[PDB]
Amino acid sequence: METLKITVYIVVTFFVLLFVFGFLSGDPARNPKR
Amino acid sequence: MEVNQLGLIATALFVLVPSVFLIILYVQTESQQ
Amino acid sequence: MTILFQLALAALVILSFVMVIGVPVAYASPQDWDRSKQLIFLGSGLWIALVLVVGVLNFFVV
Amino acid sequence: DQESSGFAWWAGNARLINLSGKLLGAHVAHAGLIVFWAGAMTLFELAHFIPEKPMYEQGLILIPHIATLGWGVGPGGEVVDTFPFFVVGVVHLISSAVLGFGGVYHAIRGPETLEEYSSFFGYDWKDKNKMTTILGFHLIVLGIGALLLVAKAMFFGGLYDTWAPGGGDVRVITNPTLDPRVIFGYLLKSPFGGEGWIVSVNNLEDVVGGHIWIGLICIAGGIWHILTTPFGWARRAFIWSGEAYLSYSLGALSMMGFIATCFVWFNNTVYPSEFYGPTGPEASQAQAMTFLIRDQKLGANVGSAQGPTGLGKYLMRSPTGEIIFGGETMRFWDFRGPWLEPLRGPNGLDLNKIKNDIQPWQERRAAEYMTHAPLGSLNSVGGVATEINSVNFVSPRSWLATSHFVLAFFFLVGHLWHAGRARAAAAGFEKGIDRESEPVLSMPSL
Amino acid sequence: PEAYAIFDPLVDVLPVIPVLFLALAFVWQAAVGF
Amino acid sequence: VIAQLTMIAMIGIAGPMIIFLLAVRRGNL
Amino acid sequence: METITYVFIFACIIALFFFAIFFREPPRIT
Amino acid sequence: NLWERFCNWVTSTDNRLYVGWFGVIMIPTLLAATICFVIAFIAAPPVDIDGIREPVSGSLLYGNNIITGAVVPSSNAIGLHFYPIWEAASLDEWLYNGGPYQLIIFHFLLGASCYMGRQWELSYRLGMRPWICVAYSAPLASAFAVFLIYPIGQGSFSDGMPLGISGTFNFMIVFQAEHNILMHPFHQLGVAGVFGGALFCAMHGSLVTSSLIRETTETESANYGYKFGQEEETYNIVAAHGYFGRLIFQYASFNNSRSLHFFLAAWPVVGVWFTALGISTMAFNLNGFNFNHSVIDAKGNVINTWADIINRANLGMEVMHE
Amino acid sequence: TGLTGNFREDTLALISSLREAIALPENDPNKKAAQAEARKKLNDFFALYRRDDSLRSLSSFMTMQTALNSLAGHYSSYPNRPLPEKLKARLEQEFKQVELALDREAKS
Amino acid sequence: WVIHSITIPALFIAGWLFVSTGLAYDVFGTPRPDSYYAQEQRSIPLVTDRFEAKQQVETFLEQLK
Amino acid sequence: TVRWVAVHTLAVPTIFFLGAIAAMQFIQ
Ligand code: CLA
Ligand code: CLA
Ligand code: CLA
Ligand code: CLA
Ligand code: HEM
Ligand SMILES: CC1=C(/C=C/C(C)=C/C=C/C(C)=C/C=C/C=C(C)/C=C/C=C(C)/C=C/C2=C(C)CCCC2(C)C)C(C)(C)CCC1
Ligand SMILES: CC1=C(/C=C/C(C)=C/C=C/C(C)=C/C=C/C=C(C)/C=C/C=C(C)/C=C/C2=C(C)CCCC2(C)C)C(C)(C)CCC1
Ligand SMILES: CC1=C(/C=C/C(C)=C/C=C/C(C)=C/C=C/C=C(C)/C=C/C=C(C)/C=C/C2=C(C)CCCC2(C)C)C(C)(C)CCC1
Ligand SMILES: CC1=C(/C=C/C(C)=C/C=C/C(C)=C/C=C/C=C(C)/C=C/C=C(C)/C=C/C2=C(C)CCCC2(C)C)C(C)(C)CCC1
Ligand SMILES: CCCCCCCCCCCCO[C@@H]1O[C@H](CO)[C@@H](O[C@H]2O[C@H](CO)[C@@H](O)[C@H](O)[C@H]2O)[C@H](O)[C@H]1O
Ligand SMILES: [Ca+2]
Ligand SMILES: [Cl-]
Ligand SMILES: [Fe+2]
């Protein structure tokens, strides 16, 4: 139960963390034209 | 729980026979040269 | 004397409501728009004063 | 102009993207409307307004706001003198008369582009500096008003009080609460059941002490932006361009809506249940107690009991140490209203105390919230949902939350609309896929 | 207020006229003619 | 009502009027 | 009996999905 | 670098399924929704709506056809509280109070949102005008409305939609009891929005199939003549134009496909938005106007117009529910 | 008020004003104005203690709230008429329990 | 532009009268705003069977109070 | 001719019902 709590936090924190940098790094640079 | 005793065959034939009839036609098409 | 003032009150709208028409039309035909019409500076400066009569008087009136 | 340089008419406003001289004309005029609408409703409501009865009875969405700042309210929610209500609305009208007048001036006779008449006012959307310069001033000005609230709070008159030791009305805050302990950490609370996110705000003095920060944060913001310039990581993202600025505005403005939808519907502290009408949770809550007292009054003891549903007739013991009402109301055991909390004891309601501690106002007021439990129709067929043609109303508290939501919903779409057109524009292919070279045409084919 | 006691239609309808602006836009398009 | 209704009809008909006067003027649009 | 048919029927749906997404013959251009 | 290379892989279009940055949320959450769904749908302990009396078995293992089976929403005892696994005392406690419902819809919604964007951030990377995500808002509006919003108006997810084919029917009917949704105008547009969608879907489907430049023999299938990537126009507008242009008056025929297809996609969408507004208007107890005793004689008797019949039927239902 | 420090000392301190000000001469130069400013302290008083989540649990604090809401609530409706004696006596009997029960918390 | 200042007014007034005159009442047999329940006897004058109704509608209507 | 026969036989009764609509709203 309690172990699961921290686990969900860590997992959710990870994606969202992995998520923002995608846009915070050069996202418009990825596209057919510029 | 209690059930129509024969109702199971219904599904099977209603699943397989239409299914099969689509396969047989298909496998043919695959064999077209 | 609110009637004395109520007539002056409506005199705001009457004068405003025409300037509501006049100001845009003044800009409508640019010919002599700002050339012929200084009435804005003539009407507006007179119009703003017609606001001050409203409240300062009514504060004493009503 | 015409479509020749531009695009079609039904969308024709965005022809203004590159004309700033016309652009100010838009806003100042538009702001003129919003102002003019504000005072209009004020006077419109004031003419049909009845000072004796309560406000939520009147179907009144505005005067409560003015009142909530403590003008003409009086204790007991008396609504003493209407003249302060009158002054507010008319002033906005007179203010609008100036605005649109200017809005017109920039619309026509004002210069069609500002890059020349005033270089200071001149700005290019693509410029990431002179624009950010502007973002400072507003963020300063918008921060000024926040303080100017507190000027009403701490100094001039005093703001409304939800909870007073009696009457729950008018107080001039002395010491505002400020520290990151209960402020920054305040919004850190869960959004969900039992802990509001920003919707808790138990104490009034939270918002005042809170706005102090938002007052002194924003003033830093301008001073920050005025003296700074976007950094690298900023420049790599965000698509600096005319549209996107509007696109970002929406997203922020959208999420604001859902929050504003949440306050009016729940929070009792900021919007007093008194003249905004009872909150939905409080409605069934108070009704549940009026049934309680009327039966407990006469020859019946409801404390230890069972119901036909089995949970008891009125009181239950929650899994928490506190004991609550039964019925459907049990879904709201979290609500604490100005009248209810004192009736509550250390853990839940003190039954022995409930009988004795009733006031003349409470029971009356708590019963006054029985008639109005937010409900009603678009033609305003009121009473309990299927109750037939009796007590016809829709509590204004229900209107705002409905209204602002619908609007707030669109602005999510709007945000998600322009953000598409903004980036695609910057990406250059917003004009439609190019028939010469299709980007997909040459790709690895899966 | 009693000093203001009668302007019936004006105070009756102020708030509709903001809508009228949206309508004006079309008429102001009608003469311009799209 | 009717008196009030007449007052409302009279009170804000500058919209159409404005355009018509402007149209006659052939000002700008 | 009763339930186990539904899961079966519902299974072949999924076994179709995964199967129909990846194994489709690509419709080449021209 | 690993990152700069990895980032290039997520964004990359060569994948058979595009996963944008939204896919980073979308894929795990939905894949987590479904897994915890199908299981919970198959084996659900008899979730209890009210701790007073009555456990409800919507699970598939207990005697339920697909029709009757549904995931019961959370109880009233739990109210609207955020009720994750660990917060609940015991695992079986978390199921008995209707946890799996509150678990699915969160991951589903928060999955559904990121999907709405994932359609966008693909469209941006194929170099195409990106309005699909606008069109997709219409269902997603309805999703949030019936799942997330409406219970907030009721303060409990219990009144939220039980998700299942019988559960849904139960929902509407009961929802019809309280708020009289039929007479509400916003819904009454939503109907038009759906039909006219289905309607236009038939005509614009029909008229273009009607007109086909014939590359096929009569024996051969008519479809196969279309070659993927034909830069010929496969369907005559001039032929089909006058058709609908003769059938009704020639003025309304919508010469321009680009004009048509937009209107084809505006009618259903805008039709649906009003519903997801019509619900949110209901969730706050602002109901559809029910004209009642609109007629009365001089004798005070009730002439009893139709709406009363409905007013009675609803009044009938509400007593039934409780 | 002039409230400072912890809740306890001030809670006791306010009762020194509360229990006193209940019954005084009505014909004195000011009982009202004296009773006016005395009850204004309640406003100052009970505002800051609403903020406390701790004392929001235990009895002795919520006891005082029962007293405060009893007393002050009379003064918005019709403050001019003095309280009924039956409402006056019950106040002290509540205060008397409080500071004892209040003390029951610290030395529990 | 010619008779369209004539046709419309004279015609539109006809419809105005058939309501005012109430001629539409006995033409379409609608009940009159006071006429539903003759005497008191509050009940539905529900027409029942065939080869009757022409005579049966008379009965309900016959009383009329 | 042809067109005239359409509107004349259609919109004319419309003008005649508008009498019934309006002249009703003032009854009762
Ligand atoms: C913050 C406010 C805001 C601002 C300033 C802009 C600004 C702009 N938008 Mg925009 N937009 C916003 C919010 C905003 N948007 C939101 C929230 C949405 C989602 C609904 C959109 C959706 C949107 C689209 C889809 C388009 C724009 C476009 C534009 C550009 C031209 C304006 C235009 O088309 O007017 C057009 C004005 C009209 C068509 C007249 C209004 C007619 C509507 C139907 C009124 C109906 C509302 C009313 C309440 C309902 C009926 C009343 C009822 C009683 C019956 C301009 C840059 C256009 C563009 O291409 O941008 C470059 C465009 O095509 N916007
Ligand atoms: C309600 C907000 C609003 C505002 C502020 C504007 C403002 C503007 N629009 Mg616009 N527009 C709007 C809504 C709005 N629009 C909507 C809803 C639509 C869709 C229906 C459009 C569609 C549209 C198109 C298609 C175009 C504009 C254009 C313009 C600009 C020039 C218009 C012009 O030549 O005026 C000239 C106006 C007149 C000659 C007469 C107007 C009538 C007057 C102003 C009435 C006065 C108001 C009031 C009665 C008096 C107040 C003052 C008083 C105190 C004295 C201007 C900045 C044009 C543009 O691109 O800018 C160059 C353009 O091409 N708009
Ligand atoms: C509305 C006013 C406003 C606006 C539009 C901006 C706009 C901007 N600021 Mg800024 N700023 C403001 C107010 C404002 N600021 C104030 C009041 C301060 C305090 C003095 C600052 C201090 C500040 C600094 C110190 C810096 C900026 C910077 C910037 C630029 C890029 C960074 C950015 O926007 O962050 C976008 C947001 C992120 C990058 C991360 C988001 C993290 C947030 C805070 C999450 C917080 C948790 C949240 C509650 C989670 C909830 C989930 C959500 C779904 C609700 C941008 C132009 C940067 C810049 O370019 O300056 C050179 C910079 O270095 N600002
Ligand atoms: C409803 C979901 C949704 C969707 C699909 C989009 C879609 C988009 N947004 Mg966006 N946005 C939204 C809501 C949404 N917006 C809200 C509510 C805000 C608050 C102001 C913003 C603020 C915003 C900014 C400031 C920018 C975008 C931008 C964009 C574009 C892609 C870049 C990006 O990463 O977005 C940003 C994505 C987010 C902010 C994520 C919020 C919603 C997602 C779906 C949830 C992700 C998980 C979330 C953090 C919660 C999980 C953890 C939580 C428990 C703490 C794209 C059009 C960019 C753009 O187009 O600029 C031109 C851009 O710069 N958005
Ligand atoms: C008794 C009633 C009416 C009479 C006798 C009448 C008379 C006529 C006649 C004789 C014509 C054909 C000659 C001409 O166009 O000058 C005509 C044309 C027309 N009138 Fe009327 N009119 C009547 C009512 C109406 C109404 C109710 C309308 C409503 C719009 C209307 C609108 C028109 C139109 C649209 C035409 C053009 C016919 C076409 O284009 O084929 N008229 N009218
Ligand atoms: C008592 C009374 C009264 C009176 C009052 C008055 C006295 C009024 C006032 C009012 C006001 C007091 C007004 C004024 C004006 C103002 C305005 C409306 C302003 C605005 C503007 C703006 C804002 C501009 C802009 C800008 C620029 C241009 C530049 C720089 C920046 C800025 C932004 C500033 C009355 C009659 C009501 C009646 C009732 C009572
Ligand atoms: C430009 C343009 C536009 C826009 C417009 C606008 C936006 C406007 C605004 C407007 C406005 C924003 C207005 C304002 C003004 C105001 C005024 C004009 C006022 C009047 C009134 C008054 C003055 C009052 C009086 C009184 C008193 C004082 C007391 C009591 C009584 C009374 C109420 C009477 C459009 C798009 C359409 C089109 C294009 C162009
Ligand atoms: C407490 C309180 C108060 C105060 C206020 C405050 C303190 C607030 C704050 C708030 C805030 C201050 C908020 C914030 C939030 C966050 C957000 C919402 C933002 C936005 C942005 C973002 C979100 C970003 C975005 C992005 C992402 C996410 C990824 C990457 C890309 C980008 C960067 C774009 C008051 C007095 C009223 C009352 C009582 C309580
Ligand atoms: C009076 C007055 C005033 C002023 C105000 C104003 C000046 C307003 C404006 C107004 C307006 C602003 C108006 C407008 C007009 C409009 C109208 C009259 C509308 C109607 C409608 C229309 C005509 C539409 C059209 C159409 C149709 C019908 C169908 C198709 C579509 C369309 C859209 C085209 C004041 C404040 C001083 C206050 C005192 C009094
Ligand atoms: C990605 C796909 C994942 C799919 C996951 C699920 C796959 C697992 C399938 C295993 C199915 C076992 O099927 C099982 O059949 C039996 C009998 O047939 C059912 O049992 C049924 O009949 C028995 C008696 O025979 C009763 O005691 C029982 O109460 C009744 O439910 C079970 O309720 C069902 O669970
Ligand atoms: Ca009226
Ligand atoms: Cl008294
Ligand atoms: Fe099609």
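Student: Would you mind going over a positive patch on the surface with me for this structure?
Tutor: Residues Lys431 and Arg435 of chain D together with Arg129 and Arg258 of chain H make up a contiguous surface patch of positive charge. Note that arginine 129 of chain H resides in the loop between α4 (99-123) and α5 (132-135). Taking the relative accessible area as the measure of exposure, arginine 129 of chain H reaches 40% and is therefore partly exposed.

Student: Help me understand the site of ligand 2, please; the structure alone is not making it clear to me.
Tutor: Neighbouring residues of ligand 2: 16 residues in total, closest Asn13, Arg15 and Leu16 of chain D, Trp28 of chain E together with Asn28 of chain F. Among the chains of the assembly, those with residues near ligand 2 are chains C, D, E and F. One nitrogen or oxygen atom from the side chain of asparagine 13 of chain D is found 2.9 Å from a nitrogen atom belonging to ligand 2. With respect to ligand 2, the side chain of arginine 15 of chain D contributes an N or O atom lying 2.7 Å from an oxygen atom. Elements that contribute at least two residues to the shell around ligand 2 include exactly α1 (20-48) of chain D together with α2 (17-32) of chain E. The element that contributes the greatest number of residues to the shell around ligand 2 is α2 of chain E, accounting for 3 residues. For the shell around ligand 2, the residue count by class is 9 nonpolar, 4 polar and 3 charged.

Student: I keep staring at the UniProt feature "transmembrane region" in chain A and nothing clicks. Help me out?
Tutor: In the numbering adopted here, UniProt assigns the feature "transmembrane region" to residues 8-24 of chain A. Overall, residues 8-24 of chain A shows 100% helix and 0% strand. The separation of its end C-alpha atoms is 24 Å.

Student: I would appreciate a short explanation of the UniProt feature "transmembrane region" in chain H in the present structure.
Tutor: Within this numbering scheme, the UniProt entry marks residues 18-35, 107-122, 131-145, 186-207 and 263-277 of chain H as carrying the feature "transmembrane region". As annotated, residues 263-277 of chain H has a helix share of 100% and a strand share of 0%, and its two end C-alpha atoms lie 21 Å apart.

Student: What is the right way to look at empty space enclosed by the protein in this model?
Tutor: In this approach, a probe sized like a water molecule rolls over the atoms, and the result shows the empty space that is left. Estimates place the volume of the largest cavity at around 110 Å³. As for the largest cavity, its lining consists of 16 residues, of which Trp163, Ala164 and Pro338 of chain D together with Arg50 and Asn69 of chain I are closest to the centre. Taken together, the elements giving at least two residues each to the lining of the largest cavity come down to α14 (360-371) of chain D together with α2 (32-50) and α3 (59-77) of chain I. The element that contributes the greatest number of residues to the lining of the largest cavity is α3 of chain I, accounting for 3 residues. Among the residues making up the lining of the largest cavity, the classes are represented as 8 nonpolar, 6 polar and 2 charged. Taken domain by domain, the makeup of the lining of the largest cavity includes at least three residues from each of domain 1 (1-277 + 374-446) and domain 2 (278-373) of chain D.

Student: Can you help me understand the site of ligand 10 in this one?
Tutor: As a matter of local geometry, ligand 10 sits amid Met1, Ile4 and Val7 of chain G together with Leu61 of chain H. The environment of ligand 10 is shared, with nearby residues belonging to chains G and H. The separation between an oxygen atom of ligand 10 and a polar main-chain atom of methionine 1 of chain G is 2.5 Å. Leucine 61 of chain H places a polar main-chain atom, nitrogen or oxygen, 3.0 Å from an oxygen atom of ligand 10. Protein chains bury 36% of the 770 Å² of accessible surface belonging to ligand 10 in isolation. Residues that form the shell around ligand 10 fall into these classes: 4 nonpolar, no polar and no charged.

Student: How should the nonpolar core be read in this particular structure?
Tutor: The tendency in soluble globular proteins is for nonpolar side chains to be buried side by side. Counting residues in each nonpolar core, the largest one holds 48 residues, and the members touching the most others are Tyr101, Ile105 and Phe147 of chain H. Mapped by element, the contributors of at least two residues to this core are α15 (396-427) of chain D together with α4, α5, α6 (137-154), α7 (165-179) and α10 (257-283) of chain H. Here this core takes 9 residues from α6 of chain H, the largest share from any one element. Filtering out sequence-adjacent residues up to four positions away, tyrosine 101 of chain H remains in contact with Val71, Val72, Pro73, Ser74, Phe147, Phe157, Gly160, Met161 and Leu163 of chain H. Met19, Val23 and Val54 of chain C together with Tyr4 of chain E belong to the second-largest nonpolar core, a separate cluster that totals 35 residues.

The rules behind the values
- Residues numbered from 1 in each chain as written, not as in the entry; some residues may be left out.
- Chains lettered and ligands numbered in written order.
- Part of a larger assembly, values for the part shown.
- Heavy atoms only, no water.
- Residues with missing side-chain atoms left out of burial classes, pairs and counts.
- Patch = residues over 30% accessible without salt bridge, like charges linked within 9 Å, V, L, I, M, F, W, Y side chains within 5 Å.
- Areas by Shrake-Rupley, 256 points an atom, 1.4 Å probe, with all protein chains shown as cover.
- Salt bridge = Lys/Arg side-chain N within 4 Å of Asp/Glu carboxyl O.
- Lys, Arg positive; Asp, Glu negative; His and termini not counted.
- Charge placed at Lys NZ, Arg CZ, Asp CG, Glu CD.
- Helix = DSSP H or I, 4+ residues; strand = E, 2+ residues; numbered from the N terminus.
- Buried < 20%, exposed > 50% of the residue type's maximum accessible area, 1.4 Å probe, protein only.
- Near = heavy atom within 4 Å.
- Polar contact = N/O pair within 3.5 Å; in protein donor to acceptor, adjacent residues only side chain to side chain.
- Nonpolar A, V, L, I, M, F, W, Y, C, P; charged D, E, K, R; others polar.
- UniProt positions renumbered as here; feature names shortened; annotations may be inferred.
- 1 Å grid on protein atoms, 1.4 Å probe; cavity = no way out; pocket = protein on both sides within 12 Å on 5 of 7 lines; lining within 4 Å.
- Points joined across faces, edges and corners; volume = space filled by probe spheres on them.
- Domains from an automatic or database assignment.
- Core = buried A, V, L, I, M, F, W, Y, C linked by side-chain atoms within 4.5 Å.
- Contact = heavy atoms within 4.5 Å.

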